[PDB]
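> Enclosed is the structure file protein_2.pdb (PDB, C-alpha atoms).
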```pdb
ATOM      1  CA  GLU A1531      73.951  -2.028  69.828  1.00  0.00           C
ATOM      2  CA  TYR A1532      74.444  -0.683  66.356  1.00  0.00           C
ATOM      3  CA  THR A1533      71.988   2.082  67.139  1.00  0.00           C
ATOM      4  CA  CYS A1534      74.269   3.014  69.979  1.00  0.00           C
ATOM      5  CA  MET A1535      77.027   2.560  67.431  1.00  0.00           C
ATOM      6  CA  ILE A1536      75.179   4.906  65.094  1.00  0.00           C
ATOM      7  CA  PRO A1537      75.900   8.557  65.914  1.00  0.00           C
ATOM      8  CA  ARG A1538      73.191  10.862  67.123  1.00  0.00           C
ATOM      9  CA  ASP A1539      73.394  13.284  64.260  1.00  0.00           C
ATOM     10  CA  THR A1540      71.324  12.132  61.363  1.00  0.00           C
ATOM     11  CA  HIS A1541      67.663  12.165  60.726  1.00  0.00           C
ATOM     12  CA  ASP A1542      68.152   8.433  61.105  1.00  0.00           C
ATOM     13  CA  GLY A1543      70.574   9.144  63.914  1.00  0.00           C
ATOM     14  CA  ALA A1544      67.959  10.379  66.301  1.00  0.00           C
ATOM     15  CA  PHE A1545      65.391   8.150  64.700  1.00  0.00           C
ATOM     16  CA  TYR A1546      65.665   4.634  66.063  1.00  0.00           C
ATOM     17  CA  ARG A1547      66.717   5.978  69.417  1.00  0.00           C
ATOM     18  CA  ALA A1548      63.223   7.358  69.603  1.00  0.00           C
ATOM     19  CA  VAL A1549      61.944   4.022  68.329  1.00  0.00           C
ATOM     20  CA  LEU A1550      64.005   2.341  70.992  1.00  0.00           C
ATOM     21  CA  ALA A1551      63.023   4.528  73.894  1.00  0.00           C
ATOM     22  CA  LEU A1552      59.624   3.869  72.438  1.00  0.00           C
ATOM     23  CA  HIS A1553      60.526   0.226  72.130  1.00  0.00           C
ATOM     24  CA  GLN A1554      61.487   0.710  75.736  1.00  0.00           C
ATOM     25  CA  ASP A1555      58.252   2.672  76.044  1.00  0.00           C
ATOM     26  CA  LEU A1556      60.282   5.683  77.112  1.00  0.00           C
ATOM     27  CA  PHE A1557      58.900   8.911  75.903  1.00  0.00           C
ATOM     28  CA  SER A1558      60.216  12.294  76.965  1.00  0.00           C
ATOM     29  CA  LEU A1559      63.655  11.833  75.495  1.00  0.00           C
ATOM     30  CA  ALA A1560      62.278   9.768  72.619  1.00  0.00           C
ATOM     31  CA  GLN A1561      59.693  12.472  72.345  1.00  0.00           C
ATOM     32  CA  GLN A1562      62.576  14.827  71.997  1.00  0.00           C
ATOM     33  CA  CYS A1563      64.516  12.380  69.873  1.00  0.00           C
ATOM     34  CA  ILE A1564      62.004  13.128  67.169  1.00  0.00           C
ATOM     35  CA  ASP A1565      62.272  16.784  68.051  1.00  0.00           C
ATOM     36  CA  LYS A1566      65.864  16.699  67.019  1.00  0.00           C
ATOM     37  CA  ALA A1567      65.148  14.421  64.087  1.00  0.00           C
ATOM     38  CA  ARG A1568      62.602  17.070  63.442  1.00  0.00           C
ATOM     39  CA  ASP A1569      65.298  19.715  63.804  1.00  0.00           C
ATOM     40  CA  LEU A1570      67.596  17.622  61.657  1.00  0.00           C
ATOM     41  CA  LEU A1571      65.233  17.400  58.768  1.00  0.00           C
ATOM     42  CA  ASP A1572      64.172  20.932  59.648  1.00  0.00           C
ATOM     43  CA  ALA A1573      67.394  22.379  58.330  1.00  0.00           C
ATOM     44  CA  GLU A1574      67.627  19.605  55.819  1.00  0.00           C
ATOM     45  CA  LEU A1575      64.930  19.775  53.179  1.00  0.00           C
ATOM     46  CA  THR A1576      64.925  23.528  53.506  1.00  0.00           C
ATOM     47  CA  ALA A1577      67.504  23.638  50.796  1.00  0.00           C
ATOM     48  CA  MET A1578      64.112  23.145  49.174  1.00  0.00           C
ATOM     49  CA  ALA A1579      65.807  21.515  46.202  1.00  0.00           C
ATOM     50  CA  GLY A1580      63.581  23.702  44.077  1.00  0.00           C
ATOM     51  CA  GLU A1581      61.525  20.741  45.121  1.00  0.00           C
ATOM     52  CA  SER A1582      58.715  19.509  42.953  1.00  0.00           C
ATOM     53  CA  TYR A1583      58.550  15.966  43.887  1.00  0.00           C
ATOM     54  CA  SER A1584      62.111  16.017  45.127  1.00  0.00           C
ATOM     55  CA  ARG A1585      63.644  14.359  48.104  1.00  0.00           C
ATOM     56  CA  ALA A1586      62.292  17.119  50.277  1.00  0.00           C
ATOM     57  CA  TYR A1587      59.412  15.027  49.051  1.00  0.00           C
ATOM     58  CA  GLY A1588      61.118  12.008  50.504  1.00  0.00           C
ATOM     59  CA  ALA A1589      61.955  14.253  53.412  1.00  0.00           C
ATOM     60  CA  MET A1590      58.234  14.495  53.871  1.00  0.00           C
ATOM     61  CA  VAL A1591      58.087  10.726  53.874  1.00  0.00           C
ATOM     62  CA  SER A1592      60.706  11.019  56.567  1.00  0.00           C
ATOM     63  CA  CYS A1593      58.825  13.410  58.806  1.00  0.00           C
ATOM     64  CA  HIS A1594      55.650  11.725  57.681  1.00  0.00           C
ATOM     65  CA  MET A1595      56.987   8.739  59.510  1.00  0.00           C
ATOM     66  CA  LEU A1596      57.992  10.875  62.449  1.00  0.00           C
ATOM     67  CA  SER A1597      54.419  11.979  62.634  1.00  0.00           C
ATOM     68  CA  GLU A1598      53.458   8.396  62.005  1.00  0.00           C
ATOM     69  CA  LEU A1599      55.880   7.673  64.811  1.00  0.00           C
ATOM     70  CA  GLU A1600      54.555  10.643  66.752  1.00  0.00           C
ATOM     71  CA  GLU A1601      51.260   8.823  66.395  1.00  0.00           C
ATOM     72  CA  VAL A1602      52.016   5.417  67.859  1.00  0.00           C
ATOM     73  CA  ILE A1603      53.457   6.819  71.051  1.00  0.00           C
ATOM     74  CA  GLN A1604      49.854   7.892  71.477  1.00  0.00           C
ATOM     75  CA  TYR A1605      48.337   4.490  70.954  1.00  0.00           C
ATOM     76  CA  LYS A1606      50.082   3.044  73.206  1.00  0.00           C
ATOM     77  CA  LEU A1607      49.264   5.493  75.978  1.00  0.00           C
ATOM     78  CA  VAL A1608      45.845   6.169  74.558  1.00  0.00           C
ATOM     79  CA  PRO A1609      42.505   4.527  75.102  1.00  0.00           C
ATOM     80  CA  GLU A1610      43.189   2.478  71.962  1.00  0.00           C
ATOM     81  CA  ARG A1611      39.893   4.204  71.089  1.00  0.00           C
ATOM     82  CA  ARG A1612      42.214   5.960  68.847  1.00  0.00           C
ATOM     83  CA  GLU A1613      41.687   2.820  66.755  1.00  0.00           C
ATOM     84  CA  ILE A1614      40.592   5.252  64.068  1.00  0.00           C
ATOM     85  CA  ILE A1615      44.365   5.557  63.800  1.00  0.00           C
ATOM     86  CA  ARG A1616      44.050   2.603  61.501  1.00  0.00           C
ATOM     87  CA  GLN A1617      41.817   4.568  59.154  1.00  0.00           C
ATOM     88  CA  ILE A1618      43.892   7.602  59.915  1.00  0.00           C
ATOM     89  CA  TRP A1619      46.909   5.573  59.014  1.00  0.00           C
ATOM     90  CA  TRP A1620      44.960   3.992  56.225  1.00  0.00           C
ATOM     91  CA  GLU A1621      44.263   7.519  55.111  1.00  0.00           C
ATOM     92  CA  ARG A1622      47.686   8.768  56.093  1.00  0.00           C
ATOM     93  CA  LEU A1623      49.002   6.066  53.954  1.00  0.00           C
ATOM     94  CA  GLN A1624      46.564   5.825  51.092  1.00  0.00           C
ATOM     95  CA  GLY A1625      46.736   9.512  50.362  1.00  0.00           C
ATOM     96  CA  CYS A1626      50.369   8.806  50.018  1.00  0.00           C
ATOM     97  CA  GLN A1627      50.751   8.566  46.276  1.00  0.00           C
ATOM     98  CA  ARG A1628      53.542   6.099  46.660  1.00  0.00           C
ATOM     99  CA  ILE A1629      55.804   3.178  45.942  1.00  0.00           C
ATOM    100  CA  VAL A1630      56.472   0.333  48.372  1.00  0.00           C
ATOM    101  CA  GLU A1631      59.611   0.694  50.480  1.00  0.00           C
ATOM    102  CA  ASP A1632      58.152   3.860  51.832  1.00  0.00           C
TER     103      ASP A1632
END
```
Kindly return the structure encoded in the file as structure tokens.

Amino acid sequence: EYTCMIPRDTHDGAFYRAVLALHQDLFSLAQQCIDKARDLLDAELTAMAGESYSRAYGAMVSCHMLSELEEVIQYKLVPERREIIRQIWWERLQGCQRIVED
């Protein structure tokens, strides 16, 4: 509901819609939902913030999730043999030098 009630503009805006089509196990659009969310954050961070660790950093965390999202849609349509994903995730997380909420 509220997702519907959210616009499709934001990084977030596209986001859950993908999640949802993925929660609906619907892909192409959701696939492209990212692609916009991609495009969103595309233009976004590219202000570059003179970034050092700067929210373009967080913006990575954002896309990082998208990737991380881009992953599951393959799990979940894969042989589950992908189970390495866990490690990969484990990696993809642990190499995150990070706080929690992320």
> Record the distance separating atom CA of residue A:1571 and atom CA of residue A:1538, expressed in Å with one decimal.
13.3 Å
> Would you mind listing what lies within 12 Å of stretch 1592-1609 of chain A as a VMD selection string, with all atoms listed in the file counted and same-chain residues fewer than 2 positions away left out?
chain A and resid 1540 to 1542 1544 to 1558 1560 to 1572 1574 to 1575 1585 to 1590 1611 to 1616 1618 to 1623 1625 to 1626 1632
> Find the distance between atom CA of residue A:1539 and atom CA of residue A:1579 and write it in Å to one decimal.
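Interatomic distance here is 21.2 Å.
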> Please return the centre and edge lengths, in Å to one decimal, of a box with edges along x, y and z that contains all listed atoms of stretch 1581-1594 of chain A, widened by 5 Å on every side, as JSON.

```
{"center_x": 59.6, "center_y": 15.7, "center_z": 50.9, "size_x": 18.0, "size_y": 20.0, "size_z": 25.9}
```
> To one decimal place in Å, what is the distance between atom CA of residue A:1628 and atom CA of residue A:1582?
14.8 Å
